[PDB]
Amino acid sequence: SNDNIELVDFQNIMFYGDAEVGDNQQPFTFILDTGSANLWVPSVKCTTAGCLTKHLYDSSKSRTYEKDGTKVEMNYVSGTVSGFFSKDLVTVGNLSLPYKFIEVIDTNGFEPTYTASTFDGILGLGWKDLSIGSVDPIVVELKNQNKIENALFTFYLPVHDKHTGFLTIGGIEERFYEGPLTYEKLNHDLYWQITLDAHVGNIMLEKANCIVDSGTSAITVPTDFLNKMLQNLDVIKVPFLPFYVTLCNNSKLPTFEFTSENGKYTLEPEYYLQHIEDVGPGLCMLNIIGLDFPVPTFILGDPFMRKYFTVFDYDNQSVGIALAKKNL
Ligand SMILES: CSC[C@H](NC(=O)Cc1ccc(N)cc1)C(=O)N[C@@H](Cc1ccccc1)[C@H](O)C(=O)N1CSC(C)(C)[C@H]1C(=O)N[C@H]1c2ccccc2C[C@H]1O
Ligand SMILES: C[C@H](CCC(=O)NCCC[N+](C)(C)CCCS(=O)(=O)[O-])[C@H]1CC[C@H]2[C@@H]3[C@H](O)C[C@@H]4C[C@H](O)CC[C@]4(C)[C@H]3C[C@H](O)[C@]12C
């Protein structure tokens, strides 16, 4: 009764899922991004080097293609893609719907991310008012069409060298989590953002904005908060890049603790260290980056979601959080 889309890990940094566009079931690999609200695929009309190795969309081969042609640009923090709108049947797992998406013809503004990774496009799982072109979210539409029970989706992320994951559309499956599932109300109309007190040792921010974001492969921290965290931490910044290197067993590395009236969520160093044995033996990179929003904000990205099963509920305007089962 729920639609389960398998998630594959890529080099323990990101994860992808597959979906199809067109009646001839043209296959694509997507970053699944709760932080955006547009779907895009690279077109056979693409003029840029990044498209060379990708699965490309051919509207001429799909009888369900409906021409739109309205020009559009998606400006992400990691770069820009541009093209034009198109409409065609989009199949996610065993559910399909006619859907407006962007045919991308220029990916040069999205380098070096695009050529360095094996995804074809991005599938947004955000809120309608964050989309360009007023596109109802896939999950909201599937519910509206009575193809699913609830307008919610869940993420059970894969774990490099242990198990695959699933994006489940339409209901919550017990098999993904253990202990209590705690619901945190959205504090914004159109982001998967919740209020949590943030504690890292003696450093804390009360009632911080926390964005649960599937497309961000880091925990992001306010820059002042990070600078305090790093003081006498025996960590070294990489020349020219906002990444920090540490001995993996550095006994100073702290545990993030995020609390609500409802729940307590922790993130120990094992969840935010990336081994980099190639650069040096016993060295790790912190998957933590400094980033200032206008209101002090943390992004609870991939590292958080690897530990915690997450439920994104449109109807109840909340994020549900529970400890992910280590095995299925
Ligand atoms: C609707 S869309 C426009 C939106 N712009 C904005 O709000 C403009 C904005 C607003 C506030 C700030 N203070 C800065 C920019 C936007 O881009 N939002 C993204 C989420 C976000 C939002 C805000 C900051 C950072 C990230 C999007 O949801 C997302 O996750 N992206 C873009 S493309 C992408 C590859 C799927 C992924 C990405 O860049 N990941 C990289 C990444 C990112 C930060 C730290 C390490 C890493 C490594 C790697 O994982
Ligand atoms: C989102 C933040 C902050 C960016 C910011 O907003 N900085 C300047 C102002 C923005 N504008 C230029 C749009 C405004 C106009 C200038 S003005 O002076 O008027 O403000 C920027 C700063 C450093 C950026 C990361 C690093 O690169 C490394 C890496 C490179 C890959 O490729 C993509 C992934 C990654 C992780 C990057 C993601 C993201 O991208 C970061 C976090």
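Atoms within each ligand, like the ligands themselves, are counted from 1 in listed order. Numbers here simply count residues along the sequence, with the first being 1.
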Kindly indicate whether atom 39 (O) of ligand 1 is approached by any protein heavy atom to under 4.0 angstrom.
yes

For atom 19 (C) of ligand 1, is the nearest protein heavy atom closer than 4.0 Å?
no

Quick one: do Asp197 and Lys207 make a salt bridge, cutoff under 4.0 Å?
no

Can you see whether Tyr271 has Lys307 sitting over its ring - NZ or CZ less than 6.0 Å from the centre and within 45° of the normal?
yes

At under 4.0 Å between heavy atoms, which part of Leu241 makes contact with ligand 2: side chain, backbone, both or neither?
neither

By number and element, which atoms of ligand 1 are closer than 4.0 Å to a non-hydrogen atom of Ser217?
49 (C), 50 (O)

Given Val295, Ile299, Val77, which has its nearest heavy atom closest to atom 9 (C) of ligand 1?
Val77

Mind checking whether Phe119 and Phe110 have parallel, tilted or perpendicular rings, split at 30° and 60°?
perpendicular

Validate the cation-pi geometry between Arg306 and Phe155: distance from NZ or CZ to the six-membered ring centre under 6.0 Å, angle to the ring axis within 45°.
no

Under 3.5 Å between any N/O of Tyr76 and any N/O of ligand 1: does that happen in this structure?
no

Hey, is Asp136 close enough to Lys128 for a salt bridge, meaning N to O under 4.0 Å?
yes

Using a strict cut-off of 4.0 Å, indicate which atoms of ligand 1 neighbour a heavy atom of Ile31.
35 (C), 36 (C)

Salt-bridged, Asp68 to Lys87, with N to O below 4.0 Å?
no

State, without any angle test, whether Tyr57 and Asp88 hold a side-chain donor-acceptor pair at a distance under 3.5 Å.
yes

Heavy atom of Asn75 under 4.0 Å from ligand 1?
yes

Side chain, backbone, both or neither: the part of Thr220 lying under 4.0 Å from ligand 2 by heavy atom
neither

